[PDB]
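Each remark here refers to the structure printed beneath this line.
To find a chain, count down the sequence lines: A is the first, B the second, and so on, and within it residues start at 1. All values below come from the heavy atoms of this structure, side chains included, with hydrogens, waters and symmetry mates left out.
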Amino acid sequence: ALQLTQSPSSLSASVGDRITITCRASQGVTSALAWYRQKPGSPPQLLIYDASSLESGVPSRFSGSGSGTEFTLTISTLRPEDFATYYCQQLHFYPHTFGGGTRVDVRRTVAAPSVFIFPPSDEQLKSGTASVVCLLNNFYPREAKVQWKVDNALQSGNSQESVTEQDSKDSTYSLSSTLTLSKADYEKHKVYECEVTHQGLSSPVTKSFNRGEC
Amino acid sequence: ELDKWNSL
Amino acid sequence: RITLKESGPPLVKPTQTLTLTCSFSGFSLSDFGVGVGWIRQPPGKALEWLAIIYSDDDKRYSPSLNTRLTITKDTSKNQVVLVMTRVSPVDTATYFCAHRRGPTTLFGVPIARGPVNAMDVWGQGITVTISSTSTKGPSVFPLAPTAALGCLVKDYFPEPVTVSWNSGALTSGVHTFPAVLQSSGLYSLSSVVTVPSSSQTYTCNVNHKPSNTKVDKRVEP
């Protein structure tokens with residue numbers, strides 16, 4: 001269908017800043033494009049309709065321009081209610097496509113994650129399952145990437161991540177990754193490794209343990 | 001397929 | 001003021017049929033050009049358009065979900081219903097209904113089509129989970145070695161679960177993560193706390209009310 005790409009995906013900013021988000025379409029959608037702001041736990045709120053029209057009750061600091069395949073949303077002076085996720089929607093073709101979203105978080109100094117690996121508890125191993133957890137603590141920006149390796153084999157399909165919401169005092173994020181294996185499986189290997197790639201790291205940091213080592 | 005109001 | 005509100009079941013099992021209702025006020029689906037659409041949002045993901053119905057009973061669906069969706073309206077009871085057949089866990093998401101303005105008219109004549117280019121009012125949204133799973137309490141495991149530490153809260157259903165450290169006295173350096181719905185249909189979650197290596201006892205206080213499961217777990221290094 002119609003491809004609607006938002007840029008950037010994530011945006012770092014502070015109160016008072018002027019920001020611009022763009023939304024690109026695979027084909028002309030004319031002026032049929034809408035912008036929304038969604039704060040966590042709430043539904044999307046309409047800001048701009050018909051590419052440039054300001055919606056009733058929406059602050060004048062919001063502005064929309066462009067037509068065809070290029071669209072931009074401008075917030076002239078960033079207010080705190082603006083730290084949220086933004087979306088563009090196209091309504092010229094069916095189906096009415098939505099962009100991927102642009103997250104706008106509070107800017108701060110780059111902070112590398114404190115990494116920690118936890119091997120599974122013997123209590124859980126007794127139940128037939130093995131959960132290995134990697135913790136990436138207080139980092140910034142939000143983009144991080146975890147890679148699990150078992151006896152140098154790269155894991156794929158057996159992990160799940162979770163990220164916190166920006167800390168109201170730190171402006172940092174924390175991430176949790178859980179590698180899940182059967183106990184059988186788990187006892188067939190020695191080295192469990194959590195490789196972390198983040199912007200505040202010159203090189204990937206790796207935390208590990210040898211199953212058994214006592 | 002175009003939107004409903006495209007030809008108005 | 002226009003208001004919309006979604007209603008239906010918080011939980012549905014796989015292969016089952018899901019019926020959602022959108023109740024509105026402030027407008028009629030007999031009003032010229034008006035639409036009501038459904039948009040969903042998986043946890044942590046982007047908005048996905050599902051369908052729309054207009055006052056003239058014109059209907060449009062997502063080409064990718066078309067064989068499982070039916071949208072219908074009851075003009076007299078100001079409601080729009082979306083029926084989704086044979087669901088899977090990927091259908092788990094928050095479901096929204098929204099209003100679409102019809103064209104502006106002057107003495108019954110269509111003078112502006114610009115306002116139909118948006119969904120101007122949205123409902124609060126209804127959260128729907130898809131698990132073949134049944135109410136079950138968590139198994140709490142220790143996460144042992146600034147030093148890190150925590151309690152893995154695994155295999156429970158449904159949400160939610162509460163986690164505190166030291167009966168409420170430890171709050172600084174704490175991180176309770178969003179739970180992930182495992183392929184098993186059960187949630188898993190972790191709560192960690194970073195402290196001065198050097199330190200004091202640490203206990204994860206866990207409560208899953210649906211199952212009436214209360215656990216206190218002392219975690220050491």
Side-chain angles (χ1 to χ4, degrees), chain A residues 1 6 29-36 38 41-53 55-56 85 87 89-92 94-101 114-124 127 129 131 133 135 137-138 160-165 167 174-176 178 180, chain C residues 4 37 39 41 44-52 60-66 94 96 98 100-101 112-125 139-145 147-150 152 154-155 173 175-183 188-192 194:
Chain A
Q6 285 188 58
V29 287
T30 60
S31 60
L33 186 140
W35 287 100
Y36 304 88
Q38 177 181 43
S42 313
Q45 186 186 332
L46 175 68
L47 311 167
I48 305 293
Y49 68 96
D50 200 35
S52 53
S53 303
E55 167 72 358
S56 237
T85 299
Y87 285 98
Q89 181 187 19
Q90 168 281 309
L91 300 92
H92 178 64
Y94 279 123
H96 289 173
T97 318
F98 277 103
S114 293
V115 187
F116 300 94
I117 187 168
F118 301 101
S121 76
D122 279 337
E123 180 187 358
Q124 176 193 24
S127 41
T129 300
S131 289
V133 177
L135 160 64
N137 204 247
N138 300 2
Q160 288 188 281
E161 279 178 11
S162 213
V163 185
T164 51
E165 290 286 274
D167 198 85
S174 294
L175 180 149
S176 202
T178 317
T180 305
Chain C
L4 300 93
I39 299 95
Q41 188 174 46
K45 310 193 77 231
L47 299 173
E48 191 194 356
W49 191 82
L50 309 172
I52 183 125
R60 290 299 193 288
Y61 300 95
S62 168
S64 113
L65 268 155
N66 172 50
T94 288
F96 301 98
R100 196 197 184 176
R101 280 179 298 236
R113 57 181 183 151
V116 312
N117 285 328
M119 301 303 295
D120 66 329
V121 191
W122 296 52
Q124 93 211 133
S139 292
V140 177
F141 302 120
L143 287 179
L149 169 161
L152 177 73
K154 191 183 164 63
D155 292 334
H175 286 305
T176 298
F177 292 92
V180 295
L181 219 208
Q182 301 163 117
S183 54
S188 187
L189 160 167
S190 67
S191 191
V192 307
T194 55

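Side-chain contact check for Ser190(C) versus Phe118(A): every heavy-atom pair is 4.5 Å or farther apart. The closest side-chain heavy-atom distance from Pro43(A) to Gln41(C) is not below 4.5 Å. Contact of the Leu47(C) side chain with the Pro44(A) side chain is registered, since non-hydrogen atoms from C-beta on lie closer than 4.5 Å. Side-chain atoms of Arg100(C) and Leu91(A), non-hydrogen and from C-beta on, do get closer than 4.5 Å to each other. Contact annotation: the side chain of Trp122(C) never approaches that of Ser42(A) to less than 4.5 Å [non-hydrogen atoms, C-beta and beyond].
Between chain C and the residues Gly101(A), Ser174(A), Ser31(A), the most heavy-atom pairs under 4.5 angstrom are made by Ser174(A). Per-residue heavy-atom pair counts under 4.5 Å with chain A were compared for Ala144(C), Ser139(C), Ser62(C), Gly125(C), and the maximum is reached by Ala144(C). Note: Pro142(C) leads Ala51(C), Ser64(C), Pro142(C) in heavy-atom pairs under 4.5 Å with chain A. Between chain C and the residues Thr97(A), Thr85(A), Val163(A), the largest count of heavy-atom pairs under 4.5 Å involves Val163(A). Heavy-atom pairs under 4.5 Å with chain C were tallied for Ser176(A), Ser121(A), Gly41(A); the largest tally goes to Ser176(A).
Summarising the geometry, atom CD1 belonging to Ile39(C) is positioned 7.5 Å from atom OH belonging to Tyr36(A); distances are rounded to the nearest 0.5 Å. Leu135(A) CG to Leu143(C) CG: the interatomic distance, rounded to the nearest 0.5 Å, is 9.0 Å. To the nearest 0.5 Å, atom OG1 of residue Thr129(A) and atom CZ of residue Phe141(C) are 8.0 Å apart. For the atom pair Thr180(A) OG1 and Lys154(C) NZ, the distance stands at 5.0 Å (nearest 0.5 Å). With values rounded to the nearest 0.5 angstrom, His96(A) atom NE2 is found 13.0 Å from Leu50(C) atom CG. To the nearest 0.5 Å, the span separating CG on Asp155(C) from OG on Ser127(A) amounts to 8.5 Å.
Across all their heavy atoms, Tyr49(A) and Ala118(C) have their closest contact at CB-CB, 3.5 Å. Of all the heavy atoms in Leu46(A) and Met119(C), the pair that sits closest is CB-O, 4.1 Å. For the residue pair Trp49(C) and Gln89(A), the shortest heavy atom distance occurs at CD1-NE2, 3.9 Å.
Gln38(A) touches chain C through its side chain: at least one heavy atom from C-beta onward sits under 4.5 Å away, while N, CA, C and O do not. Only the side chain of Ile52(C) comes within contact range of chain A, with at least one heavy atom under 4.5 Å from a heavy atom of that chain. Heavy-atom distances place no part of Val121(C) under 4.5 Å from chain A, backbone and side chain included. For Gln124(A), the parts sitting under 4.5 Å from any heavy atom of chain C are the backbone and the side chain alike. For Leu65(C), no part lies under 4.5 angstrom from a heavy atom of chain A. For a residue to count as touching a neighbouring chain, one of its non-hydrogen atoms must lie under 4.5 Å from one of that chain's; by this rule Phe177(C) touches chain A with backbone and side chain alike. In this structure, the portion of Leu152(C) lying under 4.5 Å from any heavy atom of chain A is its side chain and not its backbone. For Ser131(A), the part lying near chain C is the side chain, with the backbone staying farther off; criterion is any non-hydrogen pair under 4.5 Å. Of the two parts of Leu175(A), only the backbone, made up of N, CA, C and O, holds a non-hydrogen atom closer than 4.5 Å to a non-hydrogen atom of chain C. The contact between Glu123(A) and chain C is made by backbone and side chain atoms together, counting heavy-atom distances below 4.5 Å.
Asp167(A) and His175(C) are not linked by any side-chain donor-acceptor pair at a separation below 3.5 angstrom, with hydrogens and angles left out of the test.
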